[PDB]
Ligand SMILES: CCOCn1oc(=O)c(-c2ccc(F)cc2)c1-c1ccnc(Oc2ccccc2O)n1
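Have a look below at one chain only, the form solved without the named molecule, in structure tokens format.
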């Protein structure tokens, strides 16, 4: 059952992989990635070698979390796991983990910069994001990091969600795309967040497809909040009650009150149905945002919506997230998941 492995050094890194993977070529702090040709399937693939996967309890649990998530995701608009392997022949010598996925070409940033998008293109792209999100949310998973660089798109306009949130303070500081798509309640730690944060990100992405430009390109956290409240209005008393951070509540009330703007005068010339959907996604109070399942039934997607072809996920057991274990116990759980992997049909 065990394949033969061969070794090579790629940029000061020793890679040991099954013979089926050929022509390894580096492409890019949690791991290094190589493109390769998989001779068993004929696919160009990405092979990721995890860096120090078991160096601490936090790292070991993150390794297990990533492998559990990738093994569960089986949907047309979500990245799936093609293979996982280790050169180790036993738990006692187990140290390295390699993950194999489909090699992705362009992302949605490349699309918005270099392509003139019709309203039909916007409909199809956002429809596919929402179809994948309905599946992800049905398993009680929150992506947390939806942005154009985490959305792969091919020549047929077909889309896949990748790079689930599994981010440092410095990574979120300043004029950075890593913060421009985040919901205000998570950007500013207003309250315990939930899956509705992902719908805010979809609204930001859809706006950028319609205009070609970032919706909220803030130069820091506070500048970005000011841009958001200018468009959607300052909070009312109902939402202020739900901000459990007393310090954040007090800062918000320092700001002069502003009404919600007219979205037809912001998104000039857009399909009126697109404007309506944006008003339902970009709602400050997360309790009142439209959900992915509700949005698929909005009239903007009438030509693509098929309620018999929008599937949900198998149940996903996340009880490990509240479990406290030692490094070697997380490592043993990960080893079990590596050796039990069953490849897709």
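Take the two forms, superpose them, and find the largest set of C-alpha atoms that agree within 1.5 Å; that set is the rigid core. Numbering follows the first chain given and starts at 1.
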- [ ] Taking only the other compared entries that model residues on either side of residue 171, decide whether it is unmodelled in at least a third of them.
- [x] yes
For the neighbouring pair residue 28 and residue 29, the stretch of deposited sequence with no coordinates amounts to 1 to 3
In the entry, residues of the deposited sequence missing between residue 166 and residue 167 amount to 1 to 3
With B-factors read from the PDB entry, the higher C-alpha mean of 86 to 94 and 139 to 147 is in 86 to 94
Of 288 to 296 and 59 to 67, the stretch with the higher mean C-alpha B-factor in the deposited entry is 59 to 67
Entry record, C-alpha B-factors for 207, 125, 248, 183; the maximum is at 248
The largest CA temperature factor among 324, 329, 337, 19 is found at 324
Of the three thirds of Cα B-factor ranks in this chain, residue 76 occupies the middle
Here the Cα B-factor of residue 195, set against its chain, lands in the third termed middle
Chain-relative C-alpha B factor for residue 105 (record values, thirds): the highest
Sorting the chain's modelled residues by C-alpha B-factor and splitting them into thirds places residue 280 in the lowest
Sorting the chain's modelled residues by C-alpha B-factor and splitting them into thirds places residue 211 in the middle
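Omitted from view is the form solved in complex with the named molecule, to which the following refers.
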Just checking whether residue 106 would be counted as a contact of the named molecule in the entry with it bound - the rule being heavy atoms within 4.5 angstroms.
yes
Interface membership of residue 297, the named molecule in the entry with it bound, 4.5 Å heavy atom rule: no
>> I'd like to check something about residue 97: if you look in the entry with it bound, is any of its heavy atoms closer than or equal to 4.5 Å to a heavy atom of the named molecule?
In response: no
Does any part of residue 293 reach within 4.5 Å of the named molecule in the entry with it bound? Heavy atoms only, please. no
Taking the named molecule in the entry with it bound and a 4.5 Å non-hydrogen atom cutoff, the residues of 6 to 27 making contact are 27
A Cα shift of 2 Å or more between the shown form and the other one, after fitting the rigid core, is seen among 111, 73, 229, 273 only at 111
**OP:** Tell me, please, whether between the shown form and the other one the C-alpha of residue 213 is shifted by 2 Å or more, with the rigid core used for superposition.
**Re:** no
After a rigid core superposition, would you say the CA of residue 186 moves by 2 angstroms or more between the shown form and the other one, or not? no
